[PDB]
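Chains as they are written, first to last, in PDB author numbering: chain A, 1 to 69; chain B, 442 to 468, 476 to 490; chain C, 393 to 448; chain D, 1079 to 1176; chain E, 2 to 112; chain F, 225 to 280; chain G, 834 to 980; chain H, 14 to 58, 78 to 221, 224 to 342; chain I, 26 to 70.
Note that CB positions come from ideal geometry on N, CA and C, so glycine has one too.
Remarks on the structure that follows.
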Amino acid sequence: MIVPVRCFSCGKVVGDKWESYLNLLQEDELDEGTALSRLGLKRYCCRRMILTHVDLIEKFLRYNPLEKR
Amino acid sequence: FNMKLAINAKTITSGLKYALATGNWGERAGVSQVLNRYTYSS
Amino acid sequence: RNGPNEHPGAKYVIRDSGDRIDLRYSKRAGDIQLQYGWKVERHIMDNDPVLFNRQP
Amino acid sequence: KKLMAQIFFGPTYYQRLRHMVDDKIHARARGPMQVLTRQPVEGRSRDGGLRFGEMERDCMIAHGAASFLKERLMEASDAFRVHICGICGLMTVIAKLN
Amino acid sequence: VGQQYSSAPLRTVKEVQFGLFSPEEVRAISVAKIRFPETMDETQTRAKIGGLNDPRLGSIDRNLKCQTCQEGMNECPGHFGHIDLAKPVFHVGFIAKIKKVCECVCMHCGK
Amino acid sequence: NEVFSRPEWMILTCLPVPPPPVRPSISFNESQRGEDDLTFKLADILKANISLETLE
Amino acid sequence: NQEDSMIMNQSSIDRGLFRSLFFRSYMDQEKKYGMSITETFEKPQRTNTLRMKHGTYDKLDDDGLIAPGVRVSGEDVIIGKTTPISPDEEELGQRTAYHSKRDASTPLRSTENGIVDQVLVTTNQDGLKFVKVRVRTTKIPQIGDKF
Amino acid sequence: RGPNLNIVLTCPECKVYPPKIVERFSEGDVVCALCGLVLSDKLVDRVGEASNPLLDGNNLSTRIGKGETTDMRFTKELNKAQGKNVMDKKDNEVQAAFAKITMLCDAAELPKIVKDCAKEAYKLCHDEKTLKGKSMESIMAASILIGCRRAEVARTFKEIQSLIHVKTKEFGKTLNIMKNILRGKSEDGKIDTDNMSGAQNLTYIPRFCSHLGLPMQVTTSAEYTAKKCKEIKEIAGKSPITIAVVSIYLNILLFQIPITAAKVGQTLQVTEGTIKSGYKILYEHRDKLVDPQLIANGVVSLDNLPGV
Amino acid sequence: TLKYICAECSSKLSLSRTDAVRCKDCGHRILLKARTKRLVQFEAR
Ligand SMILES: [Zn+2]
Ligand SMILES: [Zn+2]
Ligand SMILES: [Zn+2]
Ligand SMILES: [Zn+2]
Ligand SMILES: [Zn+2]
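Written out as structure tokens, the structure is:
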């Protein structure tokens, strides 16, 4: 749903690069591979972690909250 | 003569509800099944 | 003494009279004294023979 | 140490299926019996037992374990004591055991 | 716990002799005569005497004893009743056999 | 067989009634009572027999 | 990994490989048997309820329902319901004048456990009150799971 | 007045009476909680049919129908023979009455509980000396009204008459007789609560407002107005139907919903003159017939109520 | 009395055993029980 905190294979921290990856794709008009390389993800285990992630939390946030406060 | 008793809506309502709730297509089997929601492709 | 919650352990104790005692709810009176000819239903331990099957 | 052979290594798409061992594991030493046949109840959700079918009986017959077959069919399942008359084989003997 | 001790000798079934009940044997074996098509009395508290679930035929409850043997559900084997039919009726499983015997014997002297 | 099976016994005059164990009364929530199919058929037999007796 | 088996990385499992949420739903209704008998959601007590389950009723509230977010384990009762009984019926003794209700509660599955997620109370087409309770659990890969 | 035939489970070793007993369903055992001794083992937990011993009592019967192979002659003859039963004739009348009650309730779109209660009331009140000269239509209508009231979905006399063709005199007499019978059996052998009251005008307001298509806010305001309307002696004596209708009309004009009294009375079968007359009485106490929270929030004030 | 929340307008209500299951504000017939206010412990594994 949300970006994983750690890479499954090796344990590198990748949960702090989702916003940077999206910003590189949108504002900088960079390709996915170039953005992944620029973010410091060298091993394809982390490259797939960030490349194949699907952000379903954005869709889940479209529903009105069940409980208010 | 009372039309409310001459026409019984339960005939249509119960017939359709039964035929859809169960697979018995009367009053063939397995015409209606519970939709699979295990996954989107399913 | 180990009882039914620790392997190896026991679950029931059967006296020579045929009556069965559940070790659960029995610790209130303490450990039971065993006598010859009684039966202790104890957990299957290592090297116990068991029949292993696969259908059909 | 390096493996003598080289390993095919790469990403692959894998799926987790609905079958989990924790949802199938079940064992029974004793439990409830059905009202009709007074045999172990069916269904792992109700602490039911496993079926010792005709094929299992045939395999045990081939093995020659007559005592094991009898124990499975009697001690591990329904076992009932009835009183029969010597004149008529009918089990219509009223027994005031007390 | 197990079943209560019995003084009768313990034996093993060696032969099984099949046969058909005679009406006299049915009446003798029966412990009660069922003449009411109901199961419970007007109060729905206890089984009606002479009904289908007559207490003399046994018990299928863990809380009631059998009025015949005074034993629990796990010891009572069950006791048979009987219904005296108004007229004789054929046995559905023996109609063909009865027909063959009728064609084989005379229908006026039985020879 | 003269002793165990005569042709006259293939015709039923006295119908044995099995005990409740053969036809137990099941319960779903224990607040609703269910009766066995054998019990239903035996009740039908009794009603028909009483009707025939009263008629004849 | 012989005969169609596999070896999985325990570190990857710890980091969240092939982990899943399991939601299970239980439904219960207040049935009205005639004008005399009716069932109600309640927290049965040991002094007024007969044949109540051996589980623990500490988690129930005054309405006979567990609030969401509470943890439940095997044999725990999640929906507590009671129905009246007719007199002149004694079972295994233990039936005194104090007892006037009997339990009809819905217990959690013996082998399942988790945290109650969402409980909703409403009325069906017939106007009888019925409730739906959902329980969450986490399934982590094991040495028996299928992939 | 009969044999005991009762089994009581007690621990011989403990001797405590009453005993603490635990039913281990999973292990199929009944165990003493103090010493752990097992008292009874091998305890028990489609082949049968279910029945309700409250509407049918004890009556076991089976139908005859076609199978995978059957001849119509045998089915017809067997059904004919089964029909000519004297013992079963008595209960067939009750079964037919149940069938007609079911048809009426189903055509009325009433919940299952309503028709079940109606059948129970009919069975309880049937076969008595008091109800011997009254029409089955009146009996069924009275039973349906009693069931509707017992189910907290009480309907009105005119609403039930719209389906069952029975005049008011017979309907009321039968209803009173049935209520007396129910009270007598409740005492000798509960039955009634606050719902058994006659007026209960609060229950009608939601359905009338639904018929008129008003919003739930207007429905709640009308409920409050009707609840407070009983404090005026000049209106408390009026029929509950009129009280509810007048309250609904007052709230309709309070919220300025474009529905005229000519249509309100036409939809709820109430005279427009009666509606306006009741509005005249309630206008003198409009101040006590409006929700303080509503008037404070300002959705509407007392002003939006024309007075003649 | 116990606290519930409407399933549509998300209003907190205080319901008793006698009160009907219904939202007094909008009229919705579905209510979700309010989350328990007692802390629940979770392991970070
Ligand atoms: Zn990595
Ligand atoms: Zn004999
Ligand atoms: Zn007996
Ligand atoms: Zn004891
Ligand atoms: Zn709401």
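If you measure from the CB of G:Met-885, is any heavy atom of ligand 1 nearer than 7 Å?
-> G:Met-885: no, Cβ never under 7 Å from ligand 1.
Quick one: grab the DSSP three-state call for E:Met-108.
-> It is coil, neither helix nor strand.
Within-8 Å CB hit, G:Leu-941 to chain A = Not one chain A Cβ lies under 8 Å of G:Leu-941.
So, do the region 83-93 of chain E and the region 266-275 of chain F have three or more beta carbon pairs nearer to each other than 8 Å?
-> Verdict: yes, contact present.
Ligand 1 heavy atom lying under 7 Å from the CB of A:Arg-43 | It does: the Cβ of A:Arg-43 is within 7 Å (strictly closer) of some heavy atom of ligand 1.
At which residues does the beta strand (DSSP E) containing I:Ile-30 begin and terminate?
-> Following the DSSP letters along the chain, one finds I:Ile-30 inside the beta strand (DSSP E) bounded by residues 27-31.
What number of angstroms, rounded off, separates the C-alpha of G:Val-952 from the C-alpha of I:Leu-57?
-> Our two residues, G:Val-952 and I:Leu-57, have alpha carbons roughly 6 Å apart in a direct line.
Interface residues of chain H around residue 789 of chain G at Cβ under 9 Å?
-> There is simply no residue 789 of chain G to check, as chain G begins at 834 and stops at 980 in what is shown.
Does the beta carbon of G:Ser-906 fall short of 7 Å from some heavy atom of ligand 1?
-> For ligand 1, not one heavy atom lies less than 7 Å from the Cβ of G:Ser-906.
What residues are listed by DSSP as bridge partners for G:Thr-915?
-> Bridge partners of G:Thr-915 according to DSSP: G:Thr-873 and G:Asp-936.
Test item: CB-CB of I:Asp-44 and I:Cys-31 under 8 Å | No, Cβ-Cβ distance for I:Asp-44 and I:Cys-31 is not below 8 Å.
Using a beta-carbon distance below 8 Å, is H:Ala-139 in contact with chain B?
-> Taking CB atoms only, H:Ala-139 has a neighbour in chain B less than 8 Å away.
Extent of the continuous beta strand (DSSP E) run through H:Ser-218 | H:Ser-218: not part of any beta strand (DSSP E); member of the alpha helix (DSSP H) spanning 200-220, first to last residue.
Could you name the residues of the region 233-267 of chain F whose beta carbon sits closer than 7 Å to any beta carbon of chain D, in the order they occur along the chain?
-> Under the 7 Å Cβ criterion, the region 233-267 of chain F contributes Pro-248 and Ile-250.
Does DSSP classify H:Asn-229 as helix, strand or coil?
-> In this structure, H:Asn-229 counts as helix in the three-state DSSP scheme.
Mind checking E:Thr-44: buried by the 16 CB within 10 Å criterion, or exposed?
-> With fewer than 16 other Cβ atoms within 10 Å, it is exposed.
Neighbour-count burial assignment, G:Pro-920, 16 or more Cβ in a 10 Å radius = That one is exposed.
May I ask you to check if the CB of E:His-80 is nearer than 7 Å to at least one heavy atom of ligand 3?
-> Answer for E:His-80: yes, Cβ within range of ligand 3.
Smallest Cα separation from I:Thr-61: which of G:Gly-902, G:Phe-980, G:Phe-851 and G:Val-966?
-> Closest option to I:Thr-61, Cα to Cα, is G:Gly-902.
Should A:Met-49 be listed as close to ligand 1, given that the test is whether its C-beta is under 7 Å from any heavy atom?
-> Checking every heavy atom of ligand 1 against the Cβ of A:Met-49, one is found closer than 7 Å.
Where G:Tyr-859 meets chain F, residues with beta-carbon distance less than 8 Å = The contacting residues do not exist; G:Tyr-859 stays about 16 Å from chain F at best.
Between the Cα of H:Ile-291 and those of H:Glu-318, H:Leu-248, H:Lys-267 and H:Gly-299, spot the shortest distance and give me the residue it belongs to.
-> Nearest of H:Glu-318, H:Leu-248, H:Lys-267 and H:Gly-299 to H:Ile-291, Cα basis: H:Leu-248.
From the beta carbon of E:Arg-57, is the nearest beta carbon of chain H less than 8 Å away?
-> Closer than 8 Å: no.
Span of the beta strand (DSSP E) holding H:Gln-193?
-> Unbroken run through H:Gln-193 is the alpha helix (DSSP H), 189-195; no beta strand (DSSP E).
Going by the CB atoms, is the gap between H:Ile-239 and H:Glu-265 shorter than 8 Å?
-> Cβ atoms of H:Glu-265 and H:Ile-239: not closer than 8 Å.
What three-state label does DSSP hand E:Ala-48 in the structure shown?
-> In the displayed model, E:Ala-48 falls within a strand according to three-state DSSP.
Contacts that I:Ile-30 makes with chain A (C-beta to C-beta distance below 9 Å) = Chain A residues near I:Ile-30: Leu-66, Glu-67 and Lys-68.
What is the residue span of the alpha helix (DSSP H) that H:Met-168 lies within?
-> Looking at the DSSP string, the run of the alpha helix (DSSP H) that includes H:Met-168 is 168-182.
Under 8 Å between C-beta atoms, does D:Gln-1084 make it to chain G?
-> Cβ-Cβ to chain G under 8 Å: no for D:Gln-1084.
Since H:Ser-194 meets chain B, which of its residues come closer than 9 Å, beta carbon to beta carbon?
-> Contacts between H:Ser-194 and chain B, judged by CB atoms closer than 9 Å, involve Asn-443 and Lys-445 in chain order.
Beta-carbon separation of H:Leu-56 and H:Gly-41 under 8 Å?
-> Taking 8 Å as the cut-off, the beta carbon of H:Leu-56 is found closer than this to the beta carbon of H:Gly-41.
State yes or no: is the C-beta of G:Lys-962 within less than 8 Å of the C-beta of G:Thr-971?
-> Judged by beta-carbon spacing, G:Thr-971 lies beyond the 8 Å limit of G:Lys-962, meaning their Cβ atoms are not closer than that value.
Best match in E:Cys-107, E:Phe-95, E:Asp-62 and E:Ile-96 for proximity to F:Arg-247 [C-alpha to C-alpha] | Residue E:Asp-62 is the option with its Cα nearest to F:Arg-247.
Step through the CB atoms of chain G and report whether any lies within less than 8 Å of the CB of D:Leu-1095.
-> Under the Cβ distance rule, D:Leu-1095 counts among the residues neighbouring chain G, one pair being separated by less than 8 Å.
Can you list the residues of chain J that D:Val-1099 reaches, using a CB-CB cut of under 9 Å?
-> Protein chains in the displayed structure are A, B, C, D, E, F, G, H and I, and chain J is not among them.
For H:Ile-176, which option in H:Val-198, H:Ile-282, H:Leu-47 and H:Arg-320 has the closest C-alpha, if you only look at C-alpha atoms?
-> Distance from the Cα of H:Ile-176 is smallest, within the candidate group H:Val-198, H:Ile-282, H:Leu-47 and H:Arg-320, for H:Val-198.
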